[PDB]
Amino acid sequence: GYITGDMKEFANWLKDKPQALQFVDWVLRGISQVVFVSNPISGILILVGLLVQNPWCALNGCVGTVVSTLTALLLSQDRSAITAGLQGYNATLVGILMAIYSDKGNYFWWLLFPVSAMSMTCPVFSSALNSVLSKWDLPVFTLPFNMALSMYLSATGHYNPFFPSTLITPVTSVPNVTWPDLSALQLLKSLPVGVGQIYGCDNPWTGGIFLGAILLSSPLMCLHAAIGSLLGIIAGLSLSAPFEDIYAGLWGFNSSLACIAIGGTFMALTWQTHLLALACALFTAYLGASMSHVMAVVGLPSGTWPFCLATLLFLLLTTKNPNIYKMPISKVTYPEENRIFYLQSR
């Protein structure tokens, strides 16, 4: 039970100890914060998943986390945020997806320059976005990652002579979809691939491993991760998306994140907020189609912009239903503990 949730005991114990280990704690908590987890073991496990996918991306992820963390220290950011990993997770993503969307292949070592540079912007985006969003008691989610990646990918683009990005072009014809070819086996693989694509990973073992890491911290988060991935799959089929897009988990990652967020993490989990999480996840998946189409016209991927905009929208919803309750940000940990706080004062 010491390796579960928050790992609040371990961190209080670490407070006494060498700073380099304390730092490694933060980097690991930073990696896990992508899926709203603050748990170093979960972090190590996720690293394994990233290494199984592609050690090059894993490395670019780690450089990101470390560089961003150093930068928050440099700029005197809130230390409680840094120890929770809140200053590492955006750049984890920036490092990984900068490598995914690079046209130069694995171990193009120069990539480490712009990865380090874009990772330094992550605490600047976070603080600035917090100055606005904390006024409505909202989180910044991965807006810093998504701004950083959109900025970097459009600044370079596919024709940059140093750091060309992969070419992305809008849909320009009706895809032929032959429904008798739809495959149960591939759809089932799509569920964990959807969770894997939260870190831009299409290996179903990696998504399997990520589900494992979440389970360790909070089974309620694990459940909503899987359900959101499923609802994304359903949304894709409902709009007749090419099957291979659904198979590659492209319909599932934004949905999965949205479902975790609303399903107990930033809303207290009741039956009502569980239904709300199902709605948000479907909504998020459709916004993903929308953002993908539109950002393809300017040669950009959607990233997790859909998850960010969808979820902020649902958190801004007010209701006279007392069973739908927004967590105070200063109180957000994980669903099982969140629900206790809510039950105490309802």
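So that there is no doubt, residue numbering starts at 1 and follows the sequence shown.
- Mean CA B-factor, 144 to 152 versus 188 to 196: the higher value falls on 188 to 196.
- Of the two segments, 211 to 219 and 248 to 256, the one listed with the higher mean B-factor is 211 to 219 (C-alpha atoms only).
- Set against one another, the Cα B-factors of 136, 101, 205, 159 in the record reach their highest point at 205.
- Among 106, 169, 90, 131, the highest C-alpha B-factor in the deposited entry belongs to 106.
- Ranked by Cα temperature factor within the chain, residue 81 sits in the highest third according to the deposited record.
- Sorting the modelled residues of the chain by their CA temperature factor places residue 114 in the lowest third.
- For residue 165, the recorded CA temperature factor ranks within the lowest third of the chain's modelled residues.
- The entry lists a Cα temperature factor for residue 304 that places it in the lowest third of the chain's modelled residues.
- Sorting the modelled residues of the chain by their CA temperature factor places residue 243 in the middle third.
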